[PDB]
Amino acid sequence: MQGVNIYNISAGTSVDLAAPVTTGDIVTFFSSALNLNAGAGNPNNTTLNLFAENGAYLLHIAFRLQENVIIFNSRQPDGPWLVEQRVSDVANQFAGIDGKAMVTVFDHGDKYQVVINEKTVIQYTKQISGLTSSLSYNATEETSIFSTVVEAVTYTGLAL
């Protein structure tokens, strides 16, 4: 059946999903703030991650203000980061909405469609497949471009 699950993710923590996210499902991260004047990341200001059951990063989204780019990649639990994808101009991706932001990830099976607000920023061809069993929002309170707590909501059972 179709379900809605809400998770309040504090910066620097991960959460295990009650219902896994698979093909046809959706995960959205909501930030109650947009700090485009945050200091330099270390090197990341913020990262949003979808993990497989074995800890592999199915999708790693990293926002870097100083470098002015958004990075997308994957990695096996104890393996090296794979082929990195990049999109320039961070502020441009959030244009239109101030004081808050939303990042939606559609699991298309063969790809992860990432949407910032209403704009599709990348059609990420997967480097690692499988269902998403946990999520994380990593950043420090000093330099995150998002609120200290990001609300993740999953819409599952969509494909039936």
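Start at 1 with the first residue shown and count on from there.
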Averaging the C-alpha temperature factors as deposited, the higher value of 93-101 versus 50-58 falls on 93-101
Per the record, averaged over C-alpha atoms, which has the higher B-factor: 32-40 or 121-129?
32-40
Peak C-alpha temperature factor (PDB record), options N68, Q113, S134, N45:
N68
Would the CA B-factor of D25 place it in the lowest, middle or highest third of its chain?
lowest
How does the C-alpha B factor of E142 compare with the rest of the chain: lowest, middle or highest third?
lowest
Name the third of the chain's ranked CA B-factors that contains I6, choosing lowest, middle or highest.
middle
